[PDB]
Amino acid sequence: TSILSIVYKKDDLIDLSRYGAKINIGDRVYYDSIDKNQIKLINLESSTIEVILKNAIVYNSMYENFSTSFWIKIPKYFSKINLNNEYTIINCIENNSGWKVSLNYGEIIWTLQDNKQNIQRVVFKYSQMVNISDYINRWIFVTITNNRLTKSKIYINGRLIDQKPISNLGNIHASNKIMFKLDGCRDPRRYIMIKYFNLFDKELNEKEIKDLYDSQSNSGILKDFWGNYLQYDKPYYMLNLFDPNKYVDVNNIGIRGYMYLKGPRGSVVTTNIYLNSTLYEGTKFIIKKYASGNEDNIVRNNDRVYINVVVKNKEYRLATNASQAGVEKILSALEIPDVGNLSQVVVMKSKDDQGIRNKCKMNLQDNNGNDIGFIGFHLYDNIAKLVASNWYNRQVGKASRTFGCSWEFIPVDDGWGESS
Amino acid sequence: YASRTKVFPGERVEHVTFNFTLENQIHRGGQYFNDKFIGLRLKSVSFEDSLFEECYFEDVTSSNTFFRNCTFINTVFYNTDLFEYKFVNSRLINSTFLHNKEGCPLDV
Ligand SMILES: *[C@@H]1O[C@H](CO[C@@H]2O[C@@H](C)[C@@H](O)[C@@H](O)[C@@H]2O)[C@@H](O[C@@H]2O[C@H](CO)[C@@H](O)[C@H](O)[C@H]2NC(C)=O)[C@H](O)[C@H]1NC(C)=O
Ligand SMILES: *[C@@H]1O[C@H](CO)[C@@H](O)[C@H](O)[C@H]1NC(C)=O
Ligand SMILES: *[C@@H]1O[C@H](CO)[C@@H](O)[C@H](O)[C@H]1NC(C)=O
């Protein structure tokens, strides 16, 4: 049911569908080292991806429903130069007729234009004043459905954001060639990243789109704050979803010292452009592989690893005393050699028992393979102290809402621009 | 007290530190480039029409201190009680506030 499917291969891009669409690539198109199937397009002329379709599959009908899907990553807009600068990223418009996706300050837009130059637009709008954003500089699954008889709808991560009737529109033509380049952007240092572009000759429903989201989500591999692959030996800042205005901190080194959530988080501001909350606050959490036999530095589900802690640019270890009072017992950072037989083994957990994707959670386990439990926080005399407990596991068994067993890993990225 | 107020219209400053205490002053039209302000107390000091660029404010406590019509670029406010009501009609660009002191939301 797929007509175009741009997928990475041996130092090139090919089409999975049985149509053999011609592909040509510029000399300035880049690829991520770990996840090469994600494509970076910078604001230049040579940064071009041209895909040519077959005359038998060119959209030239008036009742033909069709859908598209892709993954997109849009860096932060830093200055006023980006305001009111609607710039195009994909065109299939010829003779002022076709379909185009474009980007504006906190906006992603679908545009359809028939032979009569009638314009229909569907928009997704995300703010940039928020404390922590789910969209800024993070991967977004954008899919777009077009039913010529009812409406045209936009889906962000599988959920409905906007819909607009298109019954008035007449015959919509499409270009034989489809476009990938930043077009109409005044900013010379603005890029995007794109991943998995798919086209379908029918209107997709909620079920099929959710299935596609889940399929392309790579639920069996851990993800960081920016939606990329989690890697070992890389320093990560830590965020708790349920308490996101505090950061992990230490007070004393060793067992007598406790790691806690200290706050509040600071701010980064640019008056009228962005007023986010600082993400580079606290103590880094390096991940060290223990038993994962995989050659890649990519972290997968159910992996058994160790976690280093960077305190005054020195690397310590997570461990807790298994034998102490209660279940919600305190974790600590200790000298690497002096761990002894303290519980240090952690299991990385992304998808649940049924395989439904959720955020990163770590399960402390002992040498005997007994679950100390999920890592989270609990308040002892007004201090939000880090604890590993099986209470989270109990609520998971009861299908209850666990509180604090969900963590988020934030590496330093150029798309955020914060000063460390 | 208001009669005794001192005024310094215009001053350009290059790389240098600034730990001191000022009382009843107005600095106007200042242009400070990459200047760090460590361990200073401000009592009724106002900066007007000033430009701070790659500045650094640390351990700053201020009473009746304002930054009006000021522009901050790539500046960092570390361990300061300079809350958002002390920047009157200012413009901050790529600026960070870290570890803000505890204080009242308004002037006391
Ligand atoms: C605001 O910052 C961003 C990011 O720059 C980083 O953060 C700054 C505070 C400072 O610490 C820099 O050294 C950091 O690199 C700027 O956007 C980037 O600017 C750099 C130029 O050094 C350029 O190489 C990148 O391509 C820019 N990225 C984008 C997407 O434009 C931005 O320019 C700063 N704002 C202003 C007004 O200059
Ligand atoms: C600040 O520095 C000056 C010299 O630059 C010095 O005279 C003064 O004593 C310093 N203040 C403190 C608190 O040390
Ligand atoms: C200070 O602001 C005034 C108006 O509020 C403006 O005319 C002036 O240019 C500003 N000063 C500088 C140095 O730009």
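Residues numbered from 1 in each chain as written, not as in the entry; some residues may be left out. Chains lettered and ligands numbered in written order. Heavy atoms only, no water.

Looking at the overall build of chain B
Here comes step 1: A count of helices and strands for chain B gives zero helices and 11 strands.
Here comes step 2: Overall, chain B shows an N-to-C arrangement of helices and strands of β-β-β-β-β-β-β-β-β-β-β.
Here comes step 3: For 108 residues, the compact-globule formula gives about 13 Å, and the C-alpha radius of gyration of chain B, at 13 Å, lands near that figure.
Here comes step 4: Overall, chain B is about 35 × 35 × 25 Å in size when its C-alpha atoms are taken along their principal axes.
Here comes step 5: Residue pairs at least 24 apart in sequence account for 4% of intrachain contacts in chain B once pairs closer than 6 positions are excluded.
Here comes step 6: When the accessible area of chain B is evaluated, it comes to approximately 5800 Å², of which 52% is carbon and sulfur surface. (Helix = DSSP H or I, 4+ residues; strand = E, 2+ residues; numbered from the N terminus. Rg over C-alpha atoms; globule rule 2.2 N^0.38 Å. Contact = heavy atoms within 4.5 Å. Areas by Shrake-Rupley, 256 points an atom, 1.4 Å probe, with all protein chains shown as cover.)

Considering the nonpolar core
All names here are of chain A.
Here comes step 1: In terms of nonpolar packing, the biggest core is built from 61 residues, with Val51, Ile72 and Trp99 touching the most fellow members.
Here comes step 2: Among the elements that take part in this core, strand β16 (residues 192–200) stands out by supplying four residues, more than any other.
Here comes step 3: When residues are assigned to domains, this core turns out to be shared by domain 1 (2–216) and domain 2 (237–410), each giving three or more.
Here comes step 4: If we ignore the near neighbours within four places in the chain, the residues touching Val51 are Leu4, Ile6, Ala21, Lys22, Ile23, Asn176, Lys177, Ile178 and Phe180.
Here comes step 5: Core analysis: the next-biggest nonpolar cluster, separate from the first, contains 33 residues, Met238, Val250, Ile287 and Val309 among them. (Core = buried A, V, L, I, M, F, W, Y, C linked by side-chain atoms within 4.5 Å. Buried < 20%, exposed > 50% of the residue type's maximum accessible area, 1.4 Å probe, protein only. Domains from an automatic or database assignment.)

Remarks on the interface of chain A and chain B
Here comes step 1: Contacts between the two partners involve 11 residues from chain A, matched on the other side by 10 residues from chain B.
Here comes step 2: Across the interface of chain A and chain B, roughly 860 Å² is buried in total on both sides, 48% from carbon and sulfur atoms.
Here comes step 3: Contact with chain B buries area across many residues of chain A, yet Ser267(A), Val269(A) and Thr271(A) alone supply 43% of it, more than any other trio.
Here comes step 4: At the boundary of chain A and chain B, one finds zero salt bridges.
Here comes step 5: Along the contact surface separating chain A from chain B lie eight residue pairs in polar contact.
Here comes step 6: At three residues, strand β20 (residues 267–269) of chain A tops the list of elements feeding residues into the side of chain A that touches chain B.
Here comes step 7: Here the side of chain A that touches chain B is built from residues that sort into five nonpolar, five polar and one charged.
Here comes step 8: For β20(A) and strand β11 (residues 95–98) of chain B, the ladder comprises three bridges, and the chain directions are antiparallel. Of the residues in β11(B), the one forming a bridge with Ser267(A) is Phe97(B). (Buried area = accessible area lost by both parts, 1.4 Å probe. Salt bridge = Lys/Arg side-chain N within 4 Å of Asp/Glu carboxyl O. Polar contact = N/O pair within 3.5 Å; in protein donor to acceptor, adjacent residues only side chain to side chain. Nonpolar A, V, L, I, M, F, W, Y, C, P; charged D, E, K, R; others polar. Pairing = 2+ DSSP bridges.)

What to know about the site of ligand 1
Here comes step 1: In the neighbourhood of ligand 1, the contacting residues comprise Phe78(A), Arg189(A), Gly417(A), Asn74(B), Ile93(B) and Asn94(B).
Here comes step 2: Near ligand 1, the surrounding residues are drawn from chains A and B.
Here comes step 3: Here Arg189(A) contributes a side-chain N or O atom positioned 2.7 Å from an oxygen atom of ligand 1.
Here comes step 4: For ligand 1, an oxygen atom lies 2.8 Å from a polar atom in the backbone of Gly417(A).
Here comes step 5: Bound to the protein, ligand 1 loses 53% of the 720 Å² it would expose on its own.
Here comes step 6: Looking at the shell around ligand 1 residue by residue, the classes come out as two nonpolar, three polar and one charged. (Near = heavy atom within 4 Å.)

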